[PDB]
Amino acid sequence: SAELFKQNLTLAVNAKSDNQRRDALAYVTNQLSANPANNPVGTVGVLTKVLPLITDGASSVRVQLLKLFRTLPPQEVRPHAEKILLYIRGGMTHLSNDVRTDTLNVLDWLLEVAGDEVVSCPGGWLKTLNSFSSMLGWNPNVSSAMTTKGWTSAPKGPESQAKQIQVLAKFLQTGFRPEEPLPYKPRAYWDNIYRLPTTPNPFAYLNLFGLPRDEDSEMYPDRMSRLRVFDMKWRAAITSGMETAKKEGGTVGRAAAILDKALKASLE
Amino acid sequence: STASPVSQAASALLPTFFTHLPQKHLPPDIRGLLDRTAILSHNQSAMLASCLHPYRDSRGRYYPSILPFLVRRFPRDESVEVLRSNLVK
Amino acid sequence: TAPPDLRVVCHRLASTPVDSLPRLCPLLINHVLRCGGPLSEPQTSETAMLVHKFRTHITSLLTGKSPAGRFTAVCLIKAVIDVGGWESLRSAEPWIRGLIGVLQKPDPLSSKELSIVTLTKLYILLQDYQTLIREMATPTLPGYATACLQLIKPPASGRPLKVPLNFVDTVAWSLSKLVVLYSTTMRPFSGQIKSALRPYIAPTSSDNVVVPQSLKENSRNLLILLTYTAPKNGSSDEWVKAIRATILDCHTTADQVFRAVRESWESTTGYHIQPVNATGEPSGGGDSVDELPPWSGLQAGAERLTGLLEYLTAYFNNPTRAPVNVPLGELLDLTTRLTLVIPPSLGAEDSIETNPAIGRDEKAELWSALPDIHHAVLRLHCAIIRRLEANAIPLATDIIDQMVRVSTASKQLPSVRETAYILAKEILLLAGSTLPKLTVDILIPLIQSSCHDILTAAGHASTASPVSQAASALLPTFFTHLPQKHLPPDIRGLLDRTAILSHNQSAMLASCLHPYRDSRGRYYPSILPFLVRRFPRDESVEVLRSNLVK
Amino acid sequence: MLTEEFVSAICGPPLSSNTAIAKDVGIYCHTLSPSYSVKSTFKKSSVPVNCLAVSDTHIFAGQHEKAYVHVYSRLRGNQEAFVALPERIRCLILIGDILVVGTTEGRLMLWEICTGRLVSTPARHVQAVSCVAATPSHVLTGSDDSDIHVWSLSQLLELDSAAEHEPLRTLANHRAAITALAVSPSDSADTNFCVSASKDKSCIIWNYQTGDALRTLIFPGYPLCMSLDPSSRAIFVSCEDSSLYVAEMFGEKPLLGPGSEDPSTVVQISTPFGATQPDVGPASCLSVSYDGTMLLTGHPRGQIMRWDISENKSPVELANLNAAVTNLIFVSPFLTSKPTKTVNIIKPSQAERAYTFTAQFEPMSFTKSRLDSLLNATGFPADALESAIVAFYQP
Amino acid sequence: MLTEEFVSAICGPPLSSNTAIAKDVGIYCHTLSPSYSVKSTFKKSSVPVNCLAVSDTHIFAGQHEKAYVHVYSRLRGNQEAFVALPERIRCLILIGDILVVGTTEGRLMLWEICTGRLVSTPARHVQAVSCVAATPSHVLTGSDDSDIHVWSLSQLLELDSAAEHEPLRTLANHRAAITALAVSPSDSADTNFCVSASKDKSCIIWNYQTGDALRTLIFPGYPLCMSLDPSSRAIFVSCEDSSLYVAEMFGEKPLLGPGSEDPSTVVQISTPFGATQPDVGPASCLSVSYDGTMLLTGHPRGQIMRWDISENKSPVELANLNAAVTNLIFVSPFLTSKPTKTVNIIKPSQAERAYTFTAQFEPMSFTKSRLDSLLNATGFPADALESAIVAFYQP
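Chains as they are written, first to last, in the deposited numbering: chain CS, 56 to 211, 219 to 330; chain CV, 512 to 600; chain CW, 2 to 44, 52 to 469, 512 to 600; chain CU, 1 to 395; chain CT, 1 to 395.
Structure, rendered in structure tokens:
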């Protein structure tokens, strides 16, 4: 059965036939749902193979990737959020609106299984804000690029915009969730020195063996620094965005209402 | 490069930022910068101080210890020989 | 908007007279070091105008007739080449020739010394930029070397040297710094340096000149590093030949020094002791170029041997260009020969074999001369340990025997005891955890002497002494790097008591980390209550308190 | 920027007909961080298990079948030396500039690469010496005779030593051939330990300076390879069941320490941290990274696995070298100041000569002068300036 | 090997009518090693429990039911001061130069004996401050309201701070009056602890910088006093049942550490290390020697009892003082070099004045020179000799 799993995954990631790919991916999803232990290549290998496929032109194939994600184990997804989030950046960036919507669904999945890892991983906050503001069109950089010097030009769907504002509001409330301390562990201080670290990807804050990080790629694990950088750099732009979405009304207005609630709780 | 007097004064101050400074009010980026400075400067006193004065997050979980770096840079120094005291019998 | 530091510099240089400018030099240097930005700015702004005026005024002071203005120019040029970077480096071509002209003209010695330091800093800083060596360092360097060798070259055989030996020290230090970087350029000057530095290698009491210690060290370093200028990559061959010639000179001097004592020493290398005439005072040396200046008298032979041993020490104190063949066997044989002759206790002069023809005054001079020679041998051993690190483990057994023999021969000299403590710390840190019972038993008097010195300095039998500091540095090593099973219980008790009374935190940590084992098997009590009560807030003491107790 | 590097050595003929991977290349030098990339190659070597040694100047590689060691210069990127040893080489490690070689006859050679001096111990092992570990003070040799011999390095290597060399202690509570040895970096008499793996499915933690057995652990399969974590907290061992086991000494049930049980009690370990598929094979060699978070395992099928202990239980394939990867050795990313540089290596020779040491003397600035303060200080020091001014104004 | 000394204070009227000891004398100073003798006496005081403090220069002794502290000059042998306080003294300790006094009205007072400041805190307590302990950063006050408050020394001793002082935390798990307090030598946030003792037959070990209660200990009688051993391994506790108990924190079963139980689970001690007869009575105060092998108790009938902790021998009577020994304080056998010596003290006054610190400055060579090396070195140094000879021969 392991050989069948490997060949079906290889055909799903390499074949030219949308129907054969969706059937192979449904087969993999069915085996993973029936038994999570039935994974010869591991969750990391499955993610590494299926993550380039999130930009596929086939919406149904993207739906079976979503189902495969939702049947993957979240505790195994959690240590490897950064690669998934980078592929999510690619999905946000790709020009197809259906690909953007399915990648928004994938981002909602990844937030559901691991919010803290996404908002604390390197580049997980400000580059996500770059992506959201770019494909909502509230980007100050894009506005400055569109604006000219001296000249004064004249001033310038619904379901997609509502989904985008909903995912942005969910990401913002996830990054600004209130946090409570754990109770006292009697043997934590000495085990921290005399035992191996149980934290996934330890020494990430050192970044000794990695590329130097700018403001965009720096980690913001805690809510206080997240709120500091957010109020320093992104408050006014998405504030104007939510006011504009409120003036639009409709389902976009409802998504603006949840966004307003989240940003008001952030201001609290 | 040679060691400037300002560098020597800062190196003598680096362990004190761990030993005699409240780490619960310290931002995580400054703690990371201090740990990077200690590791890349090979300050065994600062690495021992960082191991013995761990950083609590907002969650309450301690950060991983520098100790794998200290034991590989100074394997037979008194700083690690005192940490190996649980096997003395 | 130029810096206020630059405005202050320009205004004070414009207003202050040149005769009072040297008194104003300390604040001007601080202001120039504050001026980091505009001086490093490559080539209109007031910053650029003031920088151009400042450089023009520097050049005017350097080319002016005023020696005070020249001194101020040297100080400002040193500051500018320190703070301004590559632009200040490339805008300094007339400055190098002006600094050499300061050396050539009859300027005062402080100005000449600061010019030498500034030129050495310039030639060192030009090594980073490969082209500036070609346009700038290469043409100007032979003139600087010629000026320095003219300053330190003796004017005549019947005339003394004009420049002070402290200035010869500065010249030798500058050439020592420049040979490692510009071997090809100053290859032709190697002949004059070897003739100029000949009296200062091993000066004796017969030279009638008090040679500075720093001059001796710098001359030794320069004549060792002069192998860099050897043509056709003869650096290693010249280094090996020179160090073997130094060992041979040590042996030939030691013959005339030790003509009184009949030696049982034999050579593994094969050197045989030449016969020495019984009549007359012991003499050595010649007027030849390769050999050192002559000396007369047994004491002068002793300082000659001490200076040659310090030159051998400088060999391990100086780096080499290429891999070299270090004669460790010959050095070990030489040190064994010099350490097998030892001063006696009170009344053992009859016990030690002596030549009948040698008089009592010459004998007493010899036994006074031996401790300094043993001290020089121990310093040479310390240098060998420091340079080789784990490569002197093959030599570890013999140096222990020589150190114990020298210390037991002269345990009343504080300098010999301090050097024995330093060498003991180095050897025990190197290979000490595997010493046998016999070696541990024969190094016990060193432990007793160290504990006695520490307790005497602590007052529980004084003040701070170098011997006390060396013994306190050695004290934790007796716990960390010595076999505790081979130690007698009284020695361990003395060590623990000495550590407690001296409040030595490192020694007390080591004693708590190394419990003592007897033949019976009973746990001796630790000194942990003393350590926690004297150093309560120390981090390592906290770890010991939380670990050893559990 | 810190880059972590490792040197791999392969043995045997190629197992697949791939024109991209050259057959005759035996040694690779790689970067693990920030990504996999082959820096350099070294030619014509078939290096079995535990016959590779890496130092900042040279790579020593004992040869399968032949009684030869190939010495490659990392500085010049070439094969410096073909050295022939008197007997078959089974294991080879390097301490300092002294190469420890354990033979099939049971002998140990200590070869000093700078002085060109070879010291041969008597055959105290009745069969082949399988594994050897070293400290600056001790050498531990575990062999196929179910015996581990502890030797004093300072006693083994001396000038004019003619007495036959004898081990200080012998640890023989094993009952099978010793597969692996690892030694804690501590040299103290009370805190040091070693951990040994043998073919009787057992690993014993010993105090090799006092000759006491601290702990006994039993695995379902006999351990092929072992490495301690850098911080001495845990042991990572591979087994013949293609499994990777972790053993932490200071957990809730501690193997060592004050809370540990009696040394006579034997711990059973049956929970595997990881497992490799049989098409990859059991881990022939293992190494641990500088931070200790990652460990590399080499398999005789040709694959290299990277294991992230915190992140992913399943290994991640770096590459396939098309030959049995017998050795993986990590290199420290930090440059260590060593007072001598071994540029060239003196071949072993048996002749009468004075003890000569061959190395390049680096600049460490052991000599300090008062002119150096003026030279290395920005500007001049204030006392130097004011002394110069006073002597200038004085006639 | 050491000469240990200890100071005792008596309280109340003499119990026996006729004795060799003078009825006037209230403070005794004795030498314990090598022989027991009364080295000195101090005349008139009636010191309650925990109302004595000893420094290198002075002895501070609170009076019974009075707002008076008698200060005796230990370097002169007489009584220097009769310092009055606004409120009566329940307890007092000395740290550095600050006398910390817990009063009868629930107030904390800090008298700086070198400047004259008397900083008073608002009455956070509702009853009398029973016991007080001090770290270099914190002050813990346990009162009869079953409350212990932790204060920070810097914000207590700030010069121009006019805001009301407030405790950082309130360690309130006890249910009765806090009898005793002891503090670990450590001051780090994660390695410190403090042990309380209250009238609910309980002792709680807290971390006084985080507020967590690490351990709860039940004694058959309510504790009177404790003392930590010098190694912070054992807590010697006197109880109402005329018994001294030893609670070993880190022994075969760790109260604190990795092998401990939950903090909620309570450990009961029922094994008495020592017992005293009913005529002796329960020990009013406990103290441990500098070595830690020896322990002293004060008993209300006047006798001081020496107990051998190591040998576990029977206690022996040193002398009888005919009055209740309320306070026994050991003096460190070694002398610590203190930068300033407090020869005289300044009485507390509330007036508009500049901040003046009054002490004597001791010579400890804060300055150095080339001539100081010439003076201190035996003979002259060789370099200075050489420079002198060169300057002499220079024309």
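The C-beta atom is built at its ideal place from N, Cα and C for all residues, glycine as well.
Report the neighbours of CS/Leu270 on chain CV: residues whose CB is nearer than 8 angstroms to its CB, in chain order.
-> Here residue 270 of chain CS refers to the residue found at position 208 when the first sequence is read from its first residue. When 8 angstroms is used as the limit between beta carbons, CS/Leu270 is near these residues of chain CV: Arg547, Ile550 and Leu551, in chain order.
Is the number of C-beta pairs between the segment 28-42 of chain CW and the segment 3-14 of chain CW that are closer than 8 angstroms three or more?
-> Between the segment 28-42 of chain CW and the segment 3-14 of chain CW, the count of C-beta pairs closer than 8 angstroms reaches three or more; the two stretches touch.
So the alpha helix (DSSP H) CT/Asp383 belongs to, where does it begin and stop?
-> For the purposes of this step, residue 383 of chain CT is taken as residue 383 along the fifth sequence, with counting starting at 1. According to the DSSP assignment, CT/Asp383 belongs to the alpha helix (DSSP H) that extends over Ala382 to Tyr393.
Below 8 angstroms between beta carbons: does that hold for CT/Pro258 and CS/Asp253?
-> On the fifth sequence, residue 258 of chain CT is found 258 positions in, with the first residue counted as 1. On the first sequence, residue 253 of chain CS is found 191 positions in, with the first residue counted as 1. Contact: yes.
Using the C-alpha atoms, what's the distance from CT/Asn344 back to CT/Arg76?
-> Counted from its first residue, the fifth sequence places residue 76 of chain CT at position 76. Counted from its first residue, the fifth sequence places residue 344 of chain CT at position 344. Roughly 11 angstroms separates the two Cα atoms.
Pull out every residue of the segment 326-355 of chain CT whose Cβ sits closer than 7 angstroms to any Cβ of chain B, in chain order.
-> No chain B appears in the structure shown, which is made up of the protein chains CS, CV, CW, CU and CT.
Indicate the three-state DSSP secondary structure (helix, strand or coil) for CT/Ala133 in the structure shown.
-> As a position in the fifth sequence, residue 133 of chain CT is number 133, starting the count at 1. Strand.
Of all Cβ atoms in chain CV, is any one closer than 8 angstroms to the Cβ of CS/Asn254?
-> Stepping through the first sequence from its first residue, residue 254 of chain CS is reached at position 192. For CS/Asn254, the answer is yes, since a Cβ of chain CV falls inside 8 angstroms of its Cβ.
Expressed to the nearest angstrom, what Euclidean distance is found between the alpha-carbon atoms of CU/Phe250 and CT/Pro230?
-> Your numbering for residue 250 of chain CU matches position 250 in the fourth sequence. Your numbering for residue 230 of chain CT matches position 230 in the fifth sequence. Each residue's Cα considered, the two are about 27 angstroms apart.
Check CW/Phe585 in the structure and name its three-state DSSP category.
-> In the third sequence, residue 585 of chain CW corresponds to position 535, counting from 1. Coil.
Determine the burial state of CU/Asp97: buried for a count of at least 16 other Cβ atoms within 10 Å of its Cβ, exposed for fewer.
-> The residue given as residue 97 of chain CU occupies position 97 in the fourth sequence. Buried, by the Cβ-count rule.
Less than 8 angstroms between the CB atoms is what I'm expecting for CW/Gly106 and CW/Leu70, so what's the real figure, rounded?
-> Here residue 106 of chain CW refers to the residue found at position 98 when the third sequence is read from its first residue. Here residue 70 of chain CW refers to the residue found at position 62 when the third sequence is read from its first residue. Contact flag correct, Cβ pair sits at about 4 angstroms.
CV/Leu559 and CW/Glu589 closer than 8 angstroms at C-beta | Translated into the one-based positions of the second sequence, residue 559 of chain CV becomes position 48. Translated into the one-based positions of the third sequence, residue 589 of chain CW becomes position 539. CV/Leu559 places its beta carbon less than 8 angstroms from that of CW/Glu589.
For chain CT, is any of its Cβ atoms less than 8 angstroms away from the one on CW/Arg583?
-> As a working mapping, residue 583 of chain CW is identified with position 533 in the third sequence. Answer yes: the Cβ-Cβ gap between CW/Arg583 and chain CT drops below 8 angstroms somewhere.
Pair within 8 angstroms by beta-carbon distance, CT/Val54 and CT/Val25 | Within the fifth sequence, numbered from 1, the residue matching residue 54 of chain CT stands at position 54. Within the fifth sequence, numbered from 1, the residue matching residue 25 of chain CT stands at position 25. For CT/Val54 and CT/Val25, no; Cβs fall outside 8 angstroms.
Where CS/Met286 falls: helix, strand or coil (DSSP) = Within the first sequence, residue 286 of chain CS is the residue found at index 224, counting from 1. CS/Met286 falls in the helix class under three-state DSSP.
Report the residue from CW/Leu421, CW/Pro196, CW/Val188 and CW/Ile160 whose alpha carbon sits nearest the alpha carbon of CW/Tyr208.
-> Position 200 of the third sequence holds residue 208 of chain CW. Taking CW/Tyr208 as reference, the option from CW/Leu421, CW/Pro196, CW/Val188 and CW/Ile160 with the minimal CA-CA separation is CW/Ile160.
Residues sharing a beta bridge with CU/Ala180, DSSP = The residue given as residue 180 of chain CU occupies position 180 in the fourth sequence. Answer is CU/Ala197.
Assign CV/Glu592 to one of three DSSP states: helix, strand, or coil.
-> For the purposes of this step, residue 592 of chain CV is identified with residue 81 of the second sequence, where counting begins at 1. Note: CV/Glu592 maps to helix in three-state DSSP.
Can you say whether CW/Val179 is buried or exposed, counting buried as having 16 or more other CB atoms within 10 angstroms of its CB?
-> Working through the third sequence from its first residue, we reach residue 179 of chain CW at position 171. Per the 10 Å Cβ criterion, buried.
Counting along the chain, where does the beta strand (DSSP E) carrying CU/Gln303 start and finish?
-> The residue given as residue 303 of chain CU occupies position 303 in the fourth sequence. Counting along the chain, the unbroken beta strand (DSSP E) around CU/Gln303 starts and ends at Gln303 to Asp308.
Do CU/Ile148 and CU/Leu157 have their C-beta atoms within less than 8 angstroms of each other?
-> To locate residue 148 of chain CU, count along the fourth sequence from 1; it is residue 148. To locate residue 157 of chain CU, count along the fourth sequence from 1; it is residue 157. Using a Cβ distance threshold of 8 angstroms, CU/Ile148 and CU/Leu157 do not count as a contacting pair.
Is the Cβ of CU/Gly259 closer than 8 angstroms to any Cβ of chain CT?
-> Locating residue 259 of chain CU in the fourth sequence gives position 259, where the first residue counts as 1. Answer yes: the Cβ-Cβ gap between CU/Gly259 and chain CT drops below 8 angstroms somewhere.
Residue ranges of each alpha helix (DSSP H) run of no fewer than 4 residues wholly in the segment 349-373 of chain CT, ordered along the chain?
-> Within the segment 349-373 of chain CT, no complete alpha helix (DSSP H) run reaches 4 residues.
Using DSSP with H/G/I as helix, E/B as strand and the rest coil, what is CS/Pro129?
-> For the purposes of this step, residue 129 of chain CS is identified with residue 74 of the first sequence, where counting begins at 1. Helix.
In whole angstroms, what is the alpha-carbon distance linking CS/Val229 and CS/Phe187?
-> For the purposes of this step, residue 229 of chain CS is identified with residue 167 of the first sequence, where counting begins at 1. For the purposes of this step, residue 187 of chain CS is identified with residue 132 of the first sequence, where counting begins at 1. Using only the alpha carbons, I get a separation of about 9 angstroms.
Report the residue from CT/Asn376, CT/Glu362, CT/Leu32 and CT/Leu85 whose alpha carbon sits nearest the alpha carbon of CT/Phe330.
-> In the fifth sequence, residue 330 of chain CT corresponds to position 330, counting from 1. Answer by Cα proximity: CT/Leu32.
Give me whichever residues DSSP pairs with CW/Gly77 in a beta bridge.
-> Here residue 77 of chain CW refers to the residue found at position 69 of the third sequence. Residue pairing for CW/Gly77: DSSP places it in no beta bridge.
Have a look at CT/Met305 and CT/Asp241 and give me their C-alpha separation to the nearest angstrom.
-> For the purposes of this step, residue 305 of chain CT is taken as residue 305 along the fifth sequence, with counting starting at 1. For the purposes of this step, residue 241 of chain CT is taken as residue 241 along the fifth sequence, with counting starting at 1. Between the alpha carbons of CT/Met305 and CT/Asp241 lies a distance of about 17 angstroms.
Looking at the unbroken alpha helix (DSSP H) that takes in CW/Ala15, where does it start and where does it end?
-> As a first step, residue 15 of chain CW must be located in the third sequence, where it is residue number 14. Per DSSP, CW/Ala15 belongs to the alpha helix (DSSP H) from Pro5 to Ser16.
Three-state class that DSSP yields for CS/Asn90 in the structure shown = Counting from one through the first sequence, the residue named residue 90 of chain CS turns up at place 35. CS/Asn90 falls in the coil class under three-state DSSP.
Min CB distance CT/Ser152 to chain CV below 8 angstroms = Taking the fifth sequence and counting its residues from 1, one reaches residue 152 of chain CT at position 152. Interface residue (Cβ-Cβ distance to chain CV less than 8 angstroms): CT/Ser152 is not classified as such.
Kindly say whether CU/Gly12, judged by its beta-carbon, lies nearer than 8 angstroms to any beta-carbon of chain CW.
-> Here residue 12 of chain CU refers to the residue found at position 12 of the fourth sequence. It does not; no Cβ of chain CW falls within 8 angstroms.
Under the assumption that CT/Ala67 contacts CT/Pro48 (Cβ atoms under 8 angstroms), give the Cβ distance between them as a whole number of angstroms.
-> Looking up residue 67 of chain CT in the fifth sequence gives position 67. Looking up residue 48 of chain CT in the fifth sequence gives position 48. So it is not a contact: roughly 13 angstroms between Cβ atoms.
How long is the line joining the alpha carbons of CS/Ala209 and CS/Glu305, rounded to whole angstroms?
-> To locate residue 209 of chain CS, count along the first sequence from 1; it is residue 154. To locate residue 305 of chain CS, count along the first sequence from 1; it is residue 243. Roughly 21 angstroms separates the two Cα atoms.
CA-to-CA distance, CW/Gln135 to CW/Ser99, given in whole angstroms = Position 91 of the third sequence holds residue 99 of chain CW. Position 127 of the third sequence holds residue 135 of chain CW. In a straight line, the C-alpha of CW/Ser99 is about 16 angstroms away from that of CW/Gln135.
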